[PDB]
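Colleague: Let me start by giving you these chains from the complex, positioned as in the assembled structure:
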Amino acid sequence: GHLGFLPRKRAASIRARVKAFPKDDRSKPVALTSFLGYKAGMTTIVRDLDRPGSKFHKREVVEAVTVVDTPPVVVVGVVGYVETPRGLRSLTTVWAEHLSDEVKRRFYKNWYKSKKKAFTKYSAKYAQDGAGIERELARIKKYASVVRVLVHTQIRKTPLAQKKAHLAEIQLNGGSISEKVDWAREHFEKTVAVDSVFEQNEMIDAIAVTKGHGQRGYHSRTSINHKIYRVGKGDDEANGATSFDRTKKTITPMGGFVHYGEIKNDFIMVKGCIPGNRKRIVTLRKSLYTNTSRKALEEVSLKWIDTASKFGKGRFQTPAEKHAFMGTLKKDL
Amino acid sequence: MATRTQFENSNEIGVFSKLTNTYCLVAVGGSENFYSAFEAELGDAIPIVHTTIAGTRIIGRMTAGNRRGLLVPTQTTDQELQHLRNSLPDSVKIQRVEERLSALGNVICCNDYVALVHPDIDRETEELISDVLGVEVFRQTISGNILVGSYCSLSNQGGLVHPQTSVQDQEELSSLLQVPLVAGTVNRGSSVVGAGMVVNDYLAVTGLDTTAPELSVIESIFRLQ
């Protein structure tokens, strides 16, 4: 087979780490480079294709897409990395004082017996006008070429019972390192939204650990160039409603996804299929560069979203459609 | 007046376009030169419509119509039908026909006054053609070729059929149409003359392989100058 994917062996964790990051544009202000979420289901989309010079120009096209459940991810720290003759080197990490129960759970393999003594004397180290905290922020403000942000998942918002927040690193491609640490200063403990990283019609790339079977499977894979079709919002009702369809419905199928619950928060609808399976954590990066082709150019018009019960079969979209067709039954009246 | 152009480097113009006295239909491909050919000849006098039928470029040999009406097959989508009505004034009517067959361009070889159809067609279509288009319907064939829209190019000035037509069929069918008929070729010796070129009373657009002897025949019978 493929000689490049060797050794074809098992990954270190469920949360795979991103080996590279996008380059830099110093002229821009501070922006995140990647965002994390959980893979959940495979839905059907039909839409009119506004692709010029095509065999399917202005025609309706069917294609299967995936909906990654993405909760608002919250910052709990920031890191500085110096440039060395031996690569990079973390000189200092610094944290946000008031951490959730979820991140505190990550630092223990046995949460139940533990006395929950996580960031106690470190929070006592904060307890003043800075002096030690502001010193280490100044340390990163002096040296360290690349500045990475420590974030975690709001797992309680997620319908999964895993209850253990995944820590990841996301660098910043907004130049002048002083602004990087000052952005992170303003954004300690703060919850970062999904639409405040990606928009619709953007080519992106996802990282994941691939569906294990028996050694075969359970590798970390990175597939590139995937178009985000819909950046949804949980507080916004009628997510399944397009500009065309406009029927008040959630993107979630009747009785949740296959092996996954309801979507009571933000979501990303990625073209095709992301690696890994449902209940698996993914991290969406932003393409590394300007990927300008006509595959990237077109701004899509989503016509209709399939929300039929994938569990078995589906002839209906909403529960309203079931009783509209069936009429009334015995247990009803 | 007799124009000579192409679509996606193909000689069969009547496949990918249908032209009347009041309108012209064109496919939506990558090339805009085919649309620019009719835009040069007709201009802003009569509307030229960018559209498809059942999501296909093959538009000319799938439809039927004249100055009074327009007829499309069962396979036509609702959005195409929506845009077609949005494009065309009240002088022209539009109606979808629920049918067995879909090739209306291969069946209905019509103008403003006389329509020639397939003998195997249902009665309801014949009842609807005469009402909407304001024409006379005739279940007639030419020289043992069952498709008549494919093998006949037709307008109010003159008519053109494939060269395999007998003299008996020429004189008899011309008496029905009230206009003279010539059995000639289009696009360097091809039988399919309806699909080979589009025609009306003031324009005759052909494919690029239509020779000067073929052009002289077309100019003579359809009487351009």
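Modeller: Received it, and whenever you're ready, just let me know what you need. Numbering: from 1, shown residues only, chains lettered A, B, ... in the order given.
Colleague: Nearest spatial neighbour of residue B:195, chain-adjacent residues omitted?
Modeller: residue B:14 (4.3 Å; CB to CB, 6 or more residues apart in numbering or on different chains). (C-beta placed from N, C-alpha, C; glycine too.)
Colleague: again but with residue B:143, I slipped
Modeller: residue B:165 (4.6 Å).
Colleague: With residue B:190 instead?
Modeller: Here the residue nearest residue B:190, using CB to CB, 6+ apart, is residue B:196, at 5.7 Å.
Colleague: need the contact list for the closest residue to chain B within the stretch 101-250 of chain A.
Modeller: Nearest residue of the stretch 101-250 of chain A to chain B (CB to the nearest CB) works out as residue A:244 at 10.2 Å. Neighbouring residues of residue A:244 by CB atoms under 8 Å, 6 or more residues apart in numbering or on different chains: A:302-304.
Colleague: Tell me, how many residues neighbour residue A:304?
Modeller: 18 (other CB atoms under 10 Å in any protein chain shown).
Colleague: How is residue A:183 assigned, secondary-structure-wise?
Modeller: helix (DSSP: H, G, I helix; E, B strand; the rest coil).
Colleague: ok, the residue nearest to it when sequence neighbours are not counted - contacts?
Modeller: Spatial nearest neighbour of residue A:183, excluding adjacent residues (CB to CB, 6+ apart): residue A:30 at 4.0 Å. Applying CB under 8 Å, 6+ apart, one finds that residue A:30 lies in contact with A:172, A:174, A:179-180, A:183.
Colleague: Drop anything exposed from those residues.
Modeller: A:172, A:174, A:180, A:183 (16 or more other CB atoms under 10 Å in any protein chain shown).
Colleague: here's chain C, drop it on:
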Amino acid sequence: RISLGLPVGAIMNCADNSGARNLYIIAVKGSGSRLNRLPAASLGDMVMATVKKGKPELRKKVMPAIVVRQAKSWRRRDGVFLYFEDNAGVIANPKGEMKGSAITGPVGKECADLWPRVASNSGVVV
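Modeller: If we add chain C to the chains shown above, we get the following:
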């Protein structure tokens, strides 16, 4: 792209009024080169075929053939999947000009879009 249903060594019937009854597929034009697998044809694909049952004029002659009926579940970009009743193909020259004047039975939408003269010589499409 559409799914493949007509293998090498298959008897597809004749749909036009040329004279032949059936066509035996001997070779596929515009094919892939897989290991331990013969090429497979789909709707609208040109394939070399010999006349098994037909007139002496049409027979004893190897010639190309454009497929009009696939009968194996293919894909439309408009959602729904479809397949015809029987495996069948028509014969034409390298230019695409039909020997027959009229074609009986359904001719596929993919074949009709690809070949202009096939769409011209069609009686009933879909």
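Colleague: The neighbour count of residue A:304 again please, this time with chain C.
Modeller: Using other CB under 10 Å, the number of residues around residue A:304 comes to 19.
Colleague: Distance of it relative to residue B:98?
Modeller: 25 Å (CB to CB, to the nearest Å).
Colleague: do residue C:78 as well
Modeller: In terms of CB to CB, residue C:78 sits 19 Å off from residue B:98.
Colleague: Between these two, point out the one with more neighbours.
Modeller: More crowded of residue C:78 and residue B:98, by other CB under 10 Å: residue C:78, with 15 against 9.
Colleague: list the contacts for that one?
Modeller: So residue C:78 contacts A:59-60, A:62, B:55 (CB under 8 Å, 6+ apart).
Colleague: List the contacts of residue C:88.
Modeller: Contact partners of residue C:88, counting by CB under 8 Å, 6+ apart, are C:12-15, C:67-69, C:71, C:105.
Colleague: Mind doing that once more with 7 Å?
Modeller: C:12-13, C:15, C:68-69, C:105 (CB atoms under 7 Å, 6 or more residues apart in numbering or on different chains).
Colleague: Which one of those residues is nearest to chain B?
Modeller: residue C:105 (11.5 Å).
Colleague: So the closest one: helix, strand or coil?
Modeller: Going by three-state DSSP: residue C:105 is strand.
Colleague: That one - nearest residue in space that isn't next to it in sequence?
Modeller: residue C:15 (5.4 Å).
Colleague: who's in contact with stretch C:95-108?
Modeller: B:145-147, C:15-18, C:43-44, C:68-70, C:84, C:88, C:90-92, C:115, C:117-118, C:121-126.
Colleague: Next: stretch A:313-321.
Modeller: So stretch A:313-321 is contacted by A:247, A:249, A:254, A:307-308, A:322, A:325 (CB under 7 Å, 6+ apart).
Colleague: put chain D on too:
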Amino acid sequence: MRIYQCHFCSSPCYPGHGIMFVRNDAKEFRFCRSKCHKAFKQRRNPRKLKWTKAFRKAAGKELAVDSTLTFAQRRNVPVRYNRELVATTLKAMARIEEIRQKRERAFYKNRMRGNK
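Modeller: One more chain to add, chain D, which I have set with the ones above:
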């Protein structure tokens, strides 16, 4: 887009679902799922089998002729599109859905009577 009725069920067939068959006689045979298609292969009368709507329209389990059911005609004549002429249809379809369900509920009570 178009929401079709099944040849077997007369149920709403959505894009990306079911199988359409085309006969040599050339008319559409759209299905909702492979089960109904396999029943059609076995040459079964759709009206005979009870779980479809073909039985219910014939036997009279659910009403066949109604003023709400005539409104869902396969419309032929195309319209010029006015903004308010579509804005009215949004509220209209929502209203006629209520009347269709209520008159079916009235038919249900005319069917369930005889138990007492």
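Colleague: Same as before for the contacts of stretch A:313-321, with chain D this time.
Modeller: Counting by CB under 7 Å, 6+ apart, residues outside stretch A:313-321 touching it are A:247, A:249, A:254, A:307-308, A:322, A:325, D:11-12, D:32-33.
Colleague: top of the residues you listed by neighbour count?
Modeller: residue D:32 (24 neighbours).
Colleague: one step back: which ones among the contacts of stretch A:313-321 are found in helices?
Modeller: Filtering these for membership in helices, criterion DSSP state H, returns A:322, A:325.
Colleague: Let me know the closest of the contacts of stretch A:313-321 to residue A:15.
Modeller: Closest approach to residue A:15 among the contacts of stretch A:313-321 (CB to CB): residue A:307, at 29.4 Å.
Colleague: so the closest one makes contact with residue A:251?
Modeller: Yes - counting by CB atoms under 7 Å, residue A:251 is a contact partner of residue A:307 at 6.3 Å.
Colleague: what's the overlap in contacts for the two?
Modeller: residue A:240.
Colleague: circling back: between the contacts of stretch A:313-321, which is closest to chain B?
Modeller: residue D:12 (15.5 Å).
Colleague: OK, contacts around residue B:154?
Modeller: Here residue B:154 is in contact with B:109, B:111 (CB under 7 Å, 6+ apart).
Colleague: Look up which residues are beta-bridged to it.
Modeller: residue B:159 (DSSP bridges).
Colleague: Check the burial of residue A:164 by counting its neighbours.
Modeller: 14.
Colleague: Next up, the contacts around it.
Modeller: With CB under 7 Å, 6+ apart, residue A:164 has these contacts: A:105-106, A:155.
Colleague: Looking at the stretch 201-333 of chain A, what residue ends up closest to chain D?
Modeller: For the stretch 201-333 of chain A, CB to the nearest CB, closest residue to chain D: residue A:327, 4.6 Å.
Colleague: what's the answer for chain C, then?
Modeller: residue C:79 (3.0 Å).
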